[PDB]
Each structure stands twice: as C-alpha cells, then as structure tokens.
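Have a look at structure.cif below; it lists mmCIF, C-alpha atoms.
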```cif
data_protein
#
loop_
_atom_site.group_PDB
_atom_site.id
_atom_site.type_symbol
_atom_site.label_atom_id
_atom_site.label_comp_id
_atom_site.auth_asym_id
_atom_site.auth_seq_id
_atom_site.Cartn_x
_atom_site.Cartn_y
_atom_site.Cartn_z
ATOM 1 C CA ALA A 1 -10.145 13.749 -6.099
ATOM 2 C CA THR A 2 -12.384 10.772 -5.286
ATOM 3 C CA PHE A 3 -11.079 7.349 -4.256
ATOM 4 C CA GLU A 4 -13.435 4.398 -3.896
ATOM 5 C CA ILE A 5 -11.821 1.793 -1.609
ATOM 6 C CA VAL A 6 -13.357 -1.666 -2.084
ATOM 7 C CA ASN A 7 -12.725 -4.731 0.032
ATOM 8 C CA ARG A 8 -13.182 -7.832 -2.120
ATOM 9 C CA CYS A 9 -11.262 -10.065 0.334
ATOM 10 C CA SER A 10 -13.261 -12.668 2.216
ATOM 11 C CA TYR A 11 -11.979 -11.219 5.525
ATOM 12 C CA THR A 12 -12.430 -7.861 7.174
ATOM 13 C CA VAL A 13 -9.777 -5.238 6.566
ATOM 14 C CA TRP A 14 -9.323 -1.869 8.200
ATOM 15 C CA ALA A 15 -8.451 0.548 5.380
ATOM 16 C CA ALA A 16 -6.196 3.530 6.067
ATOM 17 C CA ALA A 17 -5.336 6.696 4.177
ATOM 18 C CA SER A 18 -2.606 9.155 5.160
ATOM 19 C CA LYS A 19 -0.084 11.653 3.786
ATOM 20 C CA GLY A 20 2.451 11.032 6.577
ATOM 21 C CA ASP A 21 1.795 13.939 8.939
ATOM 22 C CA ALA A 22 -2.006 13.955 8.618
ATOM 23 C CA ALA A 23 -4.955 11.741 7.777
ATOM 24 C CA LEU A 24 -6.600 11.833 4.370
ATOM 25 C CA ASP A 25 -10.368 12.169 4.828
ATOM 26 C CA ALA A 26 -11.409 10.315 8.014
ATOM 27 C CA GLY A 27 -8.140 8.415 7.784
ATOM 28 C CA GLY A 28 -9.420 4.930 8.562
ATOM 29 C CA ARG A 29 -12.492 2.702 8.535
ATOM 30 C CA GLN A 30 -13.581 -0.885 8.952
ATOM 31 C CA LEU A 31 -14.497 -2.615 5.684
ATOM 32 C CA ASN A 32 -16.274 -5.944 5.783
ATOM 33 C CA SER A 33 -16.142 -8.256 2.763
ATOM 34 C CA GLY A 34 -17.696 -6.347 -0.142
ATOM 35 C CA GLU A 35 -17.958 -2.976 1.567
ATOM 36 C CA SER A 36 -17.001 0.181 -0.336
ATOM 37 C CA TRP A 37 -15.744 3.381 1.279
ATOM 38 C CA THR A 38 -15.345 6.538 -0.775
ATOM 39 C CA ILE A 39 -13.147 9.418 0.352
ATOM 40 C CA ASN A 40 -12.255 12.928 -0.788
ATOM 41 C CA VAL A 41 -8.570 13.707 -1.081
ATOM 42 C CA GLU A 42 -7.601 17.345 -1.471
ATOM 43 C CA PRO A 43 -5.980 18.249 -4.819
ATOM 44 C CA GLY A 44 -2.241 18.799 -4.793
ATOM 45 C CA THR A 45 -1.679 16.076 -2.200
ATOM 46 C CA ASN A 46 1.913 14.884 -2.354
ATOM 47 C CA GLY A 47 2.855 11.448 -1.081
ATOM 48 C CA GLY A 48 -0.543 10.111 -0.112
ATOM 49 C CA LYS A 49 -0.728 6.409 0.707
ATOM 50 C CA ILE A 50 -3.617 3.955 1.059
ATOM 51 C CA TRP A 51 -3.242 0.503 2.597
ATOM 52 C CA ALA A 52 -5.086 -2.255 4.427
ATOM 53 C CA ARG A 53 -4.687 -3.402 8.018
ATOM 54 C CA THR A 54 -5.523 -6.947 9.131
ATOM 55 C CA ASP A 55 -6.598 -8.501 12.439
ATOM 56 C CA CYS A 56 -7.469 -5.329 14.277
ATOM 57 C CA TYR A 57 -9.262 -4.750 17.563
ATOM 58 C CA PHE A 58 -10.356 -1.226 18.501
ATOM 59 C CA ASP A 59 -12.394 0.087 21.431
ATOM 60 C CA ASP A 60 -15.144 2.759 21.552
ATOM 61 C CA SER A 61 -12.606 5.620 21.426
ATOM 62 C CA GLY A 62 -10.840 4.077 18.388
ATOM 63 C CA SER A 63 -7.646 2.864 20.113
ATOM 64 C CA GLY A 64 -6.341 -0.636 19.538
ATOM 65 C CA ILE A 65 -3.891 -2.877 17.703
ATOM 66 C CA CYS A 66 -3.521 -4.373 14.239
ATOM 67 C CA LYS A 67 -1.331 -7.317 13.285
ATOM 68 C CA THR A 68 -0.266 -5.578 10.043
ATOM 69 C CA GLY A 69 -0.309 -1.925 9.106
ATOM 70 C CA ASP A 70 -0.945 -0.531 12.600
ATOM 71 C CA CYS A 71 -0.626 3.257 12.683
ATOM 72 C CA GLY A 72 0.256 3.941 16.298
ATOM 73 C CA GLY A 73 -2.815 2.153 17.597
ATOM 74 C CA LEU A 74 -5.421 4.411 16.010
ATOM 75 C CA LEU A 75 -8.453 3.582 13.904
ATOM 76 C CA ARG A 76 -8.193 6.905 12.055
ATOM 77 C CA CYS A 77 -4.567 6.816 10.882
ATOM 78 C CA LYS A 78 -2.556 10.001 10.847
ATOM 79 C CA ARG A 79 0.933 8.528 10.437
ATOM 80 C CA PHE A 80 1.995 5.712 8.129
ATOM 81 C CA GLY A 81 1.430 2.123 9.108
ATOM 82 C CA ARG A 82 3.868 -0.447 10.423
ATOM 83 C CA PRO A 83 5.079 -2.979 7.786
ATOM 84 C CA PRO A 84 4.309 -5.339 6.229
ATOM 85 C CA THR A 85 1.990 -3.149 4.094
ATOM 86 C CA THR A 86 1.238 -3.353 0.389
ATOM 87 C CA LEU A 87 1.095 0.309 -0.609
ATOM 88 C CA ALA A 88 -1.032 2.369 -2.986
ATOM 89 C CA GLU A 89 1.042 5.553 -3.398
ATOM 90 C CA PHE A 90 -0.080 8.708 -5.178
ATOM 91 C CA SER A 91 0.803 12.357 -5.768
ATOM 92 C CA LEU A 92 -1.908 14.515 -7.317
ATOM 93 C CA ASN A 93 -1.876 17.688 -9.425
ATOM 94 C CA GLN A 94 1.884 17.860 -9.871
ATOM 95 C CA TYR A 95 2.332 20.241 -12.807
ATOM 96 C CA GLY A 96 -0.966 19.064 -14.278
ATOM 97 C CA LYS A 97 -0.383 15.340 -13.864
ATOM 98 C CA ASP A 98 -1.241 12.613 -11.345
ATOM 99 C CA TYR A 99 1.340 9.948 -10.474
ATOM 100 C CA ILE A 100 0.315 6.575 -9.018
ATOM 101 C CA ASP A 101 2.065 3.322 -8.156
ATOM 102 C CA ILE A 102 1.913 0.187 -6.044
ATOM 103 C CA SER A 103 4.891 -0.430 -3.757
ATOM 104 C CA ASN A 104 6.315 -3.499 -2.035
ATOM 105 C CA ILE A 105 9.250 -1.500 -0.616
ATOM 106 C CA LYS A 106 7.600 -1.831 2.797
ATOM 107 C CA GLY A 107 6.485 -5.419 2.273
ATOM 108 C CA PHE A 108 3.237 -7.120 1.374
ATOM 109 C CA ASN A 109 0.147 -8.072 3.363
ATOM 110 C CA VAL A 110 -2.984 -7.786 1.197
ATOM 111 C CA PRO A 111 -3.175 -8.105 -2.625
ATOM 112 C CA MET A 112 -4.295 -4.914 -4.273
ATOM 113 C CA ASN A 113 -5.473 -3.265 -7.494
ATOM 114 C CA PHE A 114 -5.003 0.481 -8.032
ATOM 115 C CA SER A 115 -6.926 1.848 -11.049
ATOM 116 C CA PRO A 116 -8.419 5.120 -12.279
ATOM 117 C CA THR A 117 -12.163 5.418 -12.680
ATOM 118 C CA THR A 118 -11.724 8.155 -15.297
ATOM 119 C CA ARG A 119 -10.069 8.060 -18.675
ATOM 120 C CA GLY A 120 -6.514 8.328 -19.882
ATOM 121 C CA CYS A 121 -4.195 5.907 -18.046
ATOM 122 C CA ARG A 122 -3.844 2.249 -17.062
ATOM 123 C CA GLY A 123 -4.083 0.743 -13.600
ATOM 124 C CA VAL A 124 -1.510 -1.343 -11.726
ATOM 125 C CA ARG A 125 -1.988 -4.568 -9.817
ATOM 126 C CA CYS A 126 -0.107 -6.820 -7.420
ATOM 127 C CA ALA A 127 -2.389 -9.842 -6.867
ATOM 128 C CA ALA A 128 -0.002 -12.777 -6.473
ATOM 129 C CA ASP A 129 0.204 -14.971 -3.376
ATOM 130 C CA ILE A 130 3.261 -13.287 -1.918
ATOM 131 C CA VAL A 131 2.340 -14.338 1.626
ATOM 132 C CA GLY A 132 2.050 -17.986 0.611
ATOM 133 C CA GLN A 133 5.406 -17.870 -1.191
ATOM 134 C CA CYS A 134 7.252 -15.592 1.224
ATOM 135 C CA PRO A 135 10.857 -16.690 1.914
ATOM 136 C CA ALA A 136 11.303 -18.082 5.399
ATOM 137 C CA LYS A 137 13.309 -15.157 6.803
ATOM 138 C CA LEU A 138 10.791 -12.574 5.535
ATOM 139 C CA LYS A 139 7.571 -14.080 6.950
ATOM 140 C CA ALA A 140 6.010 -11.841 9.546
ATOM 141 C CA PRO A 141 4.398 -13.870 12.358
ATOM 142 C CA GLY A 142 1.417 -11.506 12.338
ATOM 143 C CA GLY A 143 0.799 -12.500 8.733
ATOM 144 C CA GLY A 144 2.229 -10.958 5.602
ATOM 145 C CA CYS A 145 5.686 -10.784 4.055
ATOM 146 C CA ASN A 146 8.257 -8.235 5.261
ATOM 147 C CA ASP A 147 10.667 -6.408 3.013
ATOM 148 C CA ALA A 148 14.378 -7.073 3.542
ATOM 149 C CA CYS A 149 15.102 -3.596 4.883
ATOM 150 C CA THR A 150 12.560 -3.925 7.677
ATOM 151 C CA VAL A 151 13.975 -7.328 8.683
ATOM 152 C CA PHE A 152 17.724 -6.739 8.427
ATOM 153 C CA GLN A 153 18.388 -2.964 8.600
ATOM 154 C CA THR A 154 21.419 -2.929 6.279
ATOM 155 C CA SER A 155 22.467 -0.133 3.930
ATOM 156 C CA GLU A 156 22.063 -2.383 0.932
ATOM 157 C CA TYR A 157 18.462 -3.329 1.724
ATOM 158 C CA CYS A 158 17.424 0.163 2.845
ATOM 159 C CA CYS A 159 19.460 2.031 0.185
ATOM 160 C CA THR A 160 20.491 4.537 2.861
ATOM 161 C CA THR A 161 23.565 5.790 0.974
ATOM 162 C CA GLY A 162 21.510 6.361 -2.187
ATOM 163 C CA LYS A 163 23.286 3.568 -4.074
ATOM 164 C CA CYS A 164 22.018 0.013 -3.941
ATOM 165 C CA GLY A 165 21.332 -2.866 -6.232
ATOM 166 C CA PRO A 166 18.561 -5.411 -6.450
ATOM 167 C CA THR A 167 18.769 -8.253 -3.988
ATOM 168 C CA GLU A 168 17.717 -11.886 -3.793
ATOM 169 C CA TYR A 169 14.900 -10.672 -1.521
ATOM 170 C CA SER A 170 13.772 -7.834 -3.771
ATOM 171 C CA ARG A 171 13.982 -10.070 -6.826
ATOM 172 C CA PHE A 172 11.302 -12.223 -5.190
ATOM 173 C CA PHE A 173 8.768 -9.385 -4.957
ATOM 174 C CA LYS A 174 9.622 -8.330 -8.511
ATOM 175 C CA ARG A 175 9.100 -11.803 -9.959
ATOM 176 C CA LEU A 176 5.620 -12.253 -8.478
ATOM 177 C CA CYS A 177 4.650 -8.571 -8.945
ATOM 178 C CA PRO A 178 6.454 -6.799 -11.798
ATOM 179 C CA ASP A 179 4.149 -3.734 -11.660
ATOM 180 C CA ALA A 180 5.225 -2.815 -8.105
ATOM 181 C CA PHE A 181 8.391 -1.301 -6.676
ATOM 182 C CA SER A 182 10.517 -4.031 -5.130
ATOM 183 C CA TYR A 183 13.313 -1.820 -3.758
ATOM 184 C CA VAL A 184 13.760 1.904 -3.588
ATOM 185 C CA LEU A 185 15.944 2.308 -6.688
ATOM 186 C CA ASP A 186 13.771 -0.033 -8.773
ATOM 187 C CA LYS A 187 13.060 0.974 -12.356
ATOM 188 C CA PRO A 188 9.941 3.133 -11.877
ATOM 189 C CA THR A 189 6.584 1.500 -12.422
ATOM 190 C CA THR A 190 4.867 4.833 -11.749
ATOM 191 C CA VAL A 191 1.870 5.521 -13.979
ATOM 192 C CA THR A 192 1.094 9.058 -15.204
ATOM 193 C CA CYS A 193 -2.555 10.096 -15.234
ATOM 194 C CA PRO A 194 -4.366 13.299 -16.211
ATOM 195 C CA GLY A 195 -4.443 15.744 -13.334
ATOM 196 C CA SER A 196 -7.523 15.498 -11.078
ATOM 197 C CA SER A 197 -8.322 11.898 -12.075
ATOM 198 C CA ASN A 198 -10.414 9.619 -9.843
ATOM 199 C CA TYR A 199 -9.416 6.181 -8.628
ATOM 200 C CA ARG A 200 -10.522 2.912 -7.059
ATOM 201 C CA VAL A 201 -8.362 0.803 -4.715
ATOM 202 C CA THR A 202 -9.563 -2.816 -4.600
ATOM 203 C CA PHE A 203 -8.299 -5.286 -2.005
ATOM 204 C CA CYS A 204 -8.110 -8.899 -3.213
ATOM 205 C CA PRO A 205 -9.056 -8.116 -6.841
ATOM 206 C CA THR A 206 -8.707 -11.726 -8.010
ATOM 207 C CA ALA A 207 -10.008 -13.990 -5.190
#
```
Please express what this file holds, its structure, as structure tokens.
Amino acid sequence: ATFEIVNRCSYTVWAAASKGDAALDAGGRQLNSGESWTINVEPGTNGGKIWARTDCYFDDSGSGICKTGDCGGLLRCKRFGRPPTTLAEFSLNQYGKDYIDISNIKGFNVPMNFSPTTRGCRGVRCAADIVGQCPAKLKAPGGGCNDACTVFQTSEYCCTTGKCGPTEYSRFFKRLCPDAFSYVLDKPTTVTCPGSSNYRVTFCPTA
C-alpha cells in the first residue's frame, strides 16, 4: 500500500513510520512545510504507526534528539516514538479489510488527518488545539500534551488490569477530538476500508 505523508504545518516535522520491531519503508524523513513523502508499506502489516516528531537535531550519521516522538535517537525510526505523539494507526489486509484510526492514547503533539486516497471509506481527523488547551498537569515541557498514563503510571490511566473507565483527563481528549481514541478501552473509532487501500496522512490539515 501507498501512503503519502504531507506536512502542511508551518514548521518542520520529522515524520516516522514503524511497526514496532522494524521500520516501515525508510522509517523516517525530514519534511519542511509543504513537503510530501510517499512510502510503500508491505501488505499484511499489522500495527503500523505513523507520527510526527518536532524540534529535532540529527548529525550526518542520523543520530540525534527530538523534543517529541523521539525513537531512540534515530532519524530512521525502528521502534515507536516517545510520547507525546498523535498517532495514525493501521493494520492492512486483515481478512480482506484495512483498519485505520487516530489515537490520543499516547498523547498529542501535532494535529493530523488520516484519509484514504482510494474509494470506499471515510477519513478521520483530530485537528483541535489540544496543546493550547492542555490541562496544566499534562503539558509536556518539550511541547505537546501528554496522556494521563504517561504522566501518572496508575492502573486506571494505563488500563493495565484490562478494566478501566474514562477519566477527567481522557474526557478532555475526547471532547476536542471525538474521532480519536482517548483511552485504551474507548468505544472504537476504527474505520474499516477495502483491503489494499491507499492513504494520505496530513499534518496540520486546518492551519
């Protein structure tokens, strides 16, 4: 499948694409304002994630630091990135269907639109100013808005026992962004697409 990743933000982002144990395609790339980066993702990929990193510095060998979304200091990510990270999550060719979603379960840093470029399903969007509105105890100094589980490490926030309810903190992400997961047992906002669809991930779709 083909993913076009577009940076519409006015600032530079360092996109990243990973399935947890390996990179998807090159795994990472600088995107200046307006730049598009298209990648091939192998069919059948389960649990692929795309996200943006902000305020990065890398050297010639591709080692550095990012203030949000860092993946162990590498430009080409092969593990997932450190929160806060708005997440585009996808599993492809699962019994003939594609499943996509946007997640705030690991926090928010960049607003995002996740849409198919082929026919037969809707896209999802989380474009609200969650960083501007972030509750005081969730603001990450590096920028962005942490999820409650990252901040507090309790069983209720992390849903470690498998039973948890919504929280004051999750209800905040849900009220600004209904189409995104706010906690792990949230009512699914997964969208089902025809198998082998193609997609575009757009950072800062509104402004």
Just want the 12 Å neighbourhood of residue 136 of chain A, counted on all atoms listed in the file, with same-chain residues fewer than 4 positions away dropped. Output as a ChimeraX atom specification. /A:130-132,140-141,144-148,151,169
Could you tell me which residues the PyMOL selection byres ((chain A and resi 101-105) around 6) returns for this structure, as a PyMOL selection string? chain A and resi 86-89+100+106-108+180-183+190
Between A:31, A:110, A:193, A:52, single out the one closest to residue 18 of chain A, counting only C-alpha atoms.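 Looking at the shortest contact to residue 18 of chain A, the residue is A:52.
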With a distance cut-off of 12 Å and only C-alpha atoms, select the neighbouring residues of residue 122 of chain A, excluding the residue or stretch itself and same-chain residues fewer than 6 positions from it, and output the selection as a PyMOL selection string. chain A and resi 99-101+113-116+179+189-194+197+199
Since I can't run it myself right now, could you work out what the PyMOL selection byres ((chain A and resi 205) around 7) selects here and report it as an NGL selection string? :A and (8 or 112-113 or 127 or 202-204 or 206-207)
Coordinates of box centre and edge lengths for segment 4-20 of chain A, 4 Å on every side, axis-aligned, as AutoDock Vina command-line options:
```
--center_x -5.5 --center_y -0.5 --center_z 2.2 --size_x 23.9 --size_y 32.3 --size_z 20.1
```
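Using only C-alpha atoms, the nearest neighbour of residue 83 of chain A within the list A:70, A:42, A:98, A:129 is A:70.
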Distance atom CA of residue 186 of chain A-atom CA of residue 21 of chain A, one decimal place?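 Between atom CA of residue 186 of chain A and atom CA of residue 21 of chain A the gap works out to 25.5 Å.
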Tell me which residues the PyMOL selection byres ((chain A and resi 14) around 6) grabs here, as a VMD selection string. chain A and resid 13 15 29 to 31 52 to 53
Nearest to residue 68 of chain A by atom-to-atom distance, counting only C-alpha atoms, from A:159, A:2, A:139, A:48: A:139
